[PDB]
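So that you can tell them apart, the chains are marked A, B, C, D and E in the order they are listed, and the count of residues begins at 1 in each.
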Amino acid sequence: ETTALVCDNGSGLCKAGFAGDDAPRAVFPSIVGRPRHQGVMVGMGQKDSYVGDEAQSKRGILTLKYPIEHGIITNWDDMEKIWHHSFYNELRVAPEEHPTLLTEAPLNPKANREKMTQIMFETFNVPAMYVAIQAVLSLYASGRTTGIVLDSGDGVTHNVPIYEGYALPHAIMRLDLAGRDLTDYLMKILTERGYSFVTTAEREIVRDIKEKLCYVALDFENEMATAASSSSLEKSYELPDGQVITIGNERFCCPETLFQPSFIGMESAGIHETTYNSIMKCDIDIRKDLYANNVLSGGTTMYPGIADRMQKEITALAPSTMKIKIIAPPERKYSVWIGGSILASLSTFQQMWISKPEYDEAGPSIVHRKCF
Amino acid sequence: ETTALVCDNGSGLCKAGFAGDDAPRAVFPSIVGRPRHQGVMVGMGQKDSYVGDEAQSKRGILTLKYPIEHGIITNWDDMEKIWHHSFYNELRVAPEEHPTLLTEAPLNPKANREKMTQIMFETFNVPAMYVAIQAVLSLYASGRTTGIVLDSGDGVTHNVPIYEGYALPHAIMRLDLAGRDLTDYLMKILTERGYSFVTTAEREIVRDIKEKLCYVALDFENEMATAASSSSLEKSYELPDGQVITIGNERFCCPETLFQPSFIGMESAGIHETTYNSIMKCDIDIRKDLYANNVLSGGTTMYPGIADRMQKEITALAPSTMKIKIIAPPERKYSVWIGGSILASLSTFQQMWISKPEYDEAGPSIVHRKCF
Amino acid sequence: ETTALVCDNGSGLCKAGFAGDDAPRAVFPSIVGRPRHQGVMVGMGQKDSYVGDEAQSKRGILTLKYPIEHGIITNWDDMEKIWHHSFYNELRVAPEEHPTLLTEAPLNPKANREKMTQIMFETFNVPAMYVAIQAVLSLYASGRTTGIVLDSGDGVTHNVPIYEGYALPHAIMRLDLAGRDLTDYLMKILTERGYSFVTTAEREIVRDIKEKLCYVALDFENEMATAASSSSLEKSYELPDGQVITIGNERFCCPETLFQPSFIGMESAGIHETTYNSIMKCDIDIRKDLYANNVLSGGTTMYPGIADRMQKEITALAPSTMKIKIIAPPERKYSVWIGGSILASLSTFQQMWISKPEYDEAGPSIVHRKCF
Amino acid sequence: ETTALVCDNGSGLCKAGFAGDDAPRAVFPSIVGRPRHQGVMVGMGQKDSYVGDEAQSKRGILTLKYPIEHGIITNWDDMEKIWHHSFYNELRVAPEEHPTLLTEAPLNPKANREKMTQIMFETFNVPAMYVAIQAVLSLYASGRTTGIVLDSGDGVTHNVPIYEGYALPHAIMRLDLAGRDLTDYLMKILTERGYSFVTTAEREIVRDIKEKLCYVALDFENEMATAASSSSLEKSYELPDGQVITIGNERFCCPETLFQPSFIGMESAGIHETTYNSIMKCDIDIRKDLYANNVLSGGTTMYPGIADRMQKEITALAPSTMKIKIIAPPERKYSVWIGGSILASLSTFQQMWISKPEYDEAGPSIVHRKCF
Amino acid sequence: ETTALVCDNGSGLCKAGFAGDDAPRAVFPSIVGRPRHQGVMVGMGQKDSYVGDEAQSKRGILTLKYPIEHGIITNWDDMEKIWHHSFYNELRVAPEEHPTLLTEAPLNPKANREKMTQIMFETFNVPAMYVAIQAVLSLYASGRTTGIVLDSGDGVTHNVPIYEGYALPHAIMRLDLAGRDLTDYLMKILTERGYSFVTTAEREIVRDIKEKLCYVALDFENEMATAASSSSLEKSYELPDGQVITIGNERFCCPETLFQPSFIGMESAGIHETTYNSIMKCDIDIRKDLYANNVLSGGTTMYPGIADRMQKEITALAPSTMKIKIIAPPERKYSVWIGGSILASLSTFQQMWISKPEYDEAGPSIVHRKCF
């Protein structure tokens, strides 16, 4: 009878809210900030740790740590702080009266999911819980039942093909290139113009620059020639202290790492080749149905040139008699949460919750037998 | 008073319909498909088994099984599924109000016919039923009363000679070489050009290739020399994913196994020698009447060179003073069903039905005393 | 008068040497490594491509490519580099004074053998050459004349039955599951414990882990229960940078894909069912003689549980009144080369060489008429 | 002075040996086996043709041909191979120092005997030779001088009456129904239980089944009722690959074709009616002497119910005042050879040999004037 | 034919000389001194700017400015003065007859290198010019071809890993903590004992104190407790005017900022953690070869405790099964110049010079395509 909770815990952003809603109620950056300097004023309240938007607002005197690195939770006390902020401070609910739906990247370690179940059942003891794959939730929110989902967030870029509600786990591809690596490459290539960003708050400044100014070029070499010829692609950004920086080719050399991973010294192929290799790893009779249903999800896929570029590259890779369609909804930054809210409100889902007596009987191993 | 049902249950295609019609109403492939992958999206309909055209439409995520192998039913639950799809889903009738005519290959095991009678009288309980030989039905649909019928389908190729309505059972020849063996041979010889087809859906793709592109050469050695000399016999086929394959001599090296079974390591003789041996096993005075009435039936005899080649080979085998005629009607793919509809509408056939009280009195053994 | 050369060119290892020897002189991995990073120091010799053990020794700065994939040569310049390293750098001989014996997998494309003939007669112009089937060479090295050979290497697992020196080509069954697929599956299941291997040098690291620590369980479910109960099956491996990884059930879940191909999403049956179906595809009177002479060959058949497991599975499949014997010699990793050395030293083989004038007269087609 | 040779050349077994012996030294099946598959292993001697027991031991890779079909030799090179195996390989003698006694069926073609004389005088040139009727040799081995011999072998069943050493050629009956037809009928009716035997080696397996398990029922309809009621007549046979088949009524349906030829679609009467018609075609005063001396010979008369059944059928046919006796010695499988050894050792037979000068003077026609 | 020039222009010292020499001919401080007071004595030679050792000798009446700050040139007229003093006053050569090799820190702005090329080709117009990375020159002077170079000078501390002459640019780390920051930290913490330094000449006095008296403690807490317990670590320095100062823990608290950057309010990690993170950012198989070849270079690495402390810290960070070696040659203060002299004297380097026609054709952008 009670309303479920959907808490998409990504590598860079936590999106929490209620099942059945259209948009997540709480979207906050998943950071924990701790003071690096010394406190000299007595009476003012300086907490030992700042979580979320409070860490971003006071980031000049804080060292910021991300508890999730490349989809895997590395700090567990910090993720306890993140979940405590998400439940009590933002959603303002008690977790013992609401089942909670959680998301997880494919090809993740089993200890991550087991400890997620253990913390969600013993610290904030929920009546029931479930772990879902983020790409299945993206396909749920897209409204279709077939397609290959390219989900690129802050730590993990993964391709999952699903045909008629059936997943093909041997064709699931995972690549550790996402928005944090693009941010770091922007820190590296911003020093070529003389702008130095070294601290963790400057990483957030560079991330804001990347979010507001970067774009994907349709042709990389023609854009390189155009940027070297004329200064028509240069844009100016105002720093928080007041300085104005100007960037030229770095607006499109930063997300080009998504298509040329060798820019950051990785042997892997681009996202278009990863998508094509995931399609040709499937059975032949479904491949056409995977060609016309390329679904984009995640915040890294929000550059304003990426759909046409992926369409052009996959059309160059696929045979010419096939129709290539890239499904890029405008709400695809939150599509994993929207699909989680769709799934948690279904009447056929209520018997697949992992309840507290099943966790008491089986221990933290029921999540490998009731979830994929 | 009620209309009878004719249900030709071949090894590869089930053709069902009403007595008195010209063409069968429901022609669907006799396969049962079961999901091999895992289902991850809930709410939409996932059945445990897909039967017929639905199994062909979703064959990329299914393992397809044929319930009938070489004319003998191996899976009986799958055969019940096939009959249930034929009666309720395709013909949309209740089997308890219609007598049913079924077909069977010659020299078949008795337990096959007994279990067919048992299921057709206890599961879909019909008022009456009958089992007929397919070659007699082919001769019924041809409009003649004498001739030798070469029926080649998906599992069984059989020659049956009938003179003036009198069958000669000692000259009936059965050879286990038909369209599935030709499909498997095409799958084997397609790997010489680098095309690999290993799954059960790829078997259906190769079967479509064989149906669309293969033909019987009039002279095998001259056609092999022509294919080795110039690329005028090469044809291109578009795969379901979009790739284009090209085949040369494999257009005629695949049905040549009908005339040279040693291509697939079989000691038996070709269909022309089987026909000649079945003719020469009969009485001498009828042999001339069997020479001018060679009736072709079944889907395997639909290659566009087989009548001239069969004519040439029998004319080489028979003495030169005899006229050799190959009767190849254009509707011979469905001629067994057409003859079943002709027989089931006859006024002299209505007293040869096996009724339900006779089955109750005699058990599943009346079919050996009322049917040939 | 001159000594012949035997060069087994498999998908993962090249084994070259002289005829009449007991062990191959040069066993090196068949890879070509090319530098991915940039060279900043001049003066030292930095070649454009590294072949063999030199590519393995410097693999941290190289992208490694296999020229042969699933028994089929895909890169021909790289294969020319492999053969040039085999002849001049390892064997240290001139190829124009020695005939060369080559091996090939069954059911291979004809263009592979034709281009092998063209390069072996026009680039390294040998006086004569021959292409042999690897399973025939394995039966030559076993010393027997009858038996079914399961040869599993790096790309191809094939069963070939030979009775009294007569092969049955219709019962030859080829399956594209071998040690590279097991290495990829070990990559996929090593991420469950948090170990990430993505690069091509990490493929060699995972392959060394598989070669050193994996084994075939006699009973998979009992070993699953034993590994889940106690940590007595866990083994530790030291990585090249000093980290120690620990693996438990992955020691026997990796070669279990040989018996359950559905672990990597393949519709095919296991190697035991492949062997049983190859035996039952033969004639009846030889089947008992194929039951007691199961010959194992190749490096993939070197797991220390595979003979007992294959014995148990085939004894479960075969009727109980036949004796099942699995012939697993300790030198079966090199048995194809040993059989090639036995064959090339035979006095009755010297008239079966494909000489250079026959190649000049017939062109790239004599290898289909003088070899099987 | 030299020892003569007796070589009974039946349609299914060649029995050769020396005159004056009690049992033939060499009994081997008269088949020629030729390899149907390809040879891949060079070094071992693979002969082009296998004759006799070597063809039976390696029959899984051979096509087997019988040189004699229905008493008449069709392949003469194969009979040269059979005689060369009989003289040099089995008897281990040279034919040029031994006269040879040969047997032939009654009512045979004259060119068969002429070519037998031509081959026995020009290829294996003997000092002398003779052709005798097999039934006269059976009467010689029985020790009597009067009686009617029913000789049924592998191709020909013939009744010959002889009274006081005087043959009656007008009452000699030849019927083309023997053990090969019974083997073919058993091969046909074994498919009713689902056992398929189509190759030539499977014909030998079915012949072994017929030899080991078949019997003649005293009453056919009572045995039908007994087999249909209870499974007390069912017997199990082990196939060479280990499968166990079970046969019921087919143990007595197969030799019932000897009494009801219409089971294989043949217009002729049974062996009992043939014997009665041969007796009634003779003079009346000898008929009683033919009633009490029915001599059985040949391997087809070795069923363990045939003497009582034949006695019952003739006693039903003959008048009740005549005594009916069926002489069935236990050595009647070899009785033709035993009678040939008795005849060739006689002192009064040495003047009836056809010598080489008589053959040179008269040409291939002396055998029609010196033999019956 | 003419001798090239090697001019290492560091942030605090300019080392110029000829190629092929073992030691640089001219080592002078890169400062420009301008008179802050007024001139009253006419006739005395008073220049407007003093460069090099003349600025150091008269620093009591001069304000000293460094043209290079943190590896980036800020004053270009002063840089021209430094180069003019380096060529005409110290080396006493004409730059138009000698090619010049220059050094630059990694991750530097492109405009710095472009203006370096422009001044090098238009003000002191050289026949040819090259710009090289200083860590590659340190590895050149070490005599090895693999290793990770930690170069710490006056403005920039950078780690560059090189394996077999191949650099890994994604693992190159740059940290803006060097000897000028340590001089400022000692300048700050010398006020705790009552010694006040505020001016630019007093900065040179503090730099001399740091060069002569500071050292790196192996254990910081134990040395702090030892200095607090007994005054055995105190040392006395004589000021230029005559006063004697005494320092205690400041001998090891000043270079401890190299290992604890938070002493100067910097969020970055120490040089040992920077070295470890640069090693683990490389590929796995080279990491061992980077562990045993830690090459120290630059004047900041000349403290007499830094090799053992770096060895201890990296051994604490690395896994315990590996050998850690710190290569600290005694000539590592000038190792960049020695490597530049080695590189410029190589015969394989003479085609990598950027000549004057290439600069005239391409403009000041050829230095990004011919240099790294």
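By definition in this document, a residue touches a chain if its C-beta (ideal position, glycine included) is under 8 Å from a C-beta of that chain, and two chains touch if they have at least 3 such contacts.
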item	value
If a chain touches subunit C and subunit D alike, it appears here	B
Graph separation of subunit D and subunit E (steps between touching chains)	2
When subunit B is superposed on subunit D by its C-alpha atoms, the rotation angle in degrees, nearest 5	165
Chain pair, A-C or C-E, that carries the greater number of C-beta contacts	C-E
Subunit A and subunit C: spacing of chain centres that average the CA atoms, whole Å	42
Distance from subunit B to subunit A - Cα centre to Cα centre, in angstrom	56
Inter-chain centre distance, subunit A versus subunit D - centres from mean C-alpha coordinates, in Å	88
Contacts with 2+ other chains: residues of subunit E	168-169
Touching pairs - complete list by chain label	A-B, A-C, A-E, B-C, B-D, C-D, C-E
For the subunit E and subunit A complex, residues of the former touching the latter	72, 107-111, 168-171, 174, 176, 262, 265, 267-268
Subunit E contact footprint on subunit A (complex, rising order)	36-37, 63, 188, 191-194, 196, 198-200, 264-265
List of subunit C residues in touch with subunit E within their complex	35, 37-44, 46, 58-61, 199, 201-202, 205, 238-244
List of subunit A residues in touch with subunit B within their complex	133, 136, 139-140, 145, 162-169, 280, 282-288, 291, 318-322, 343, 346, 348-349, 352, 372
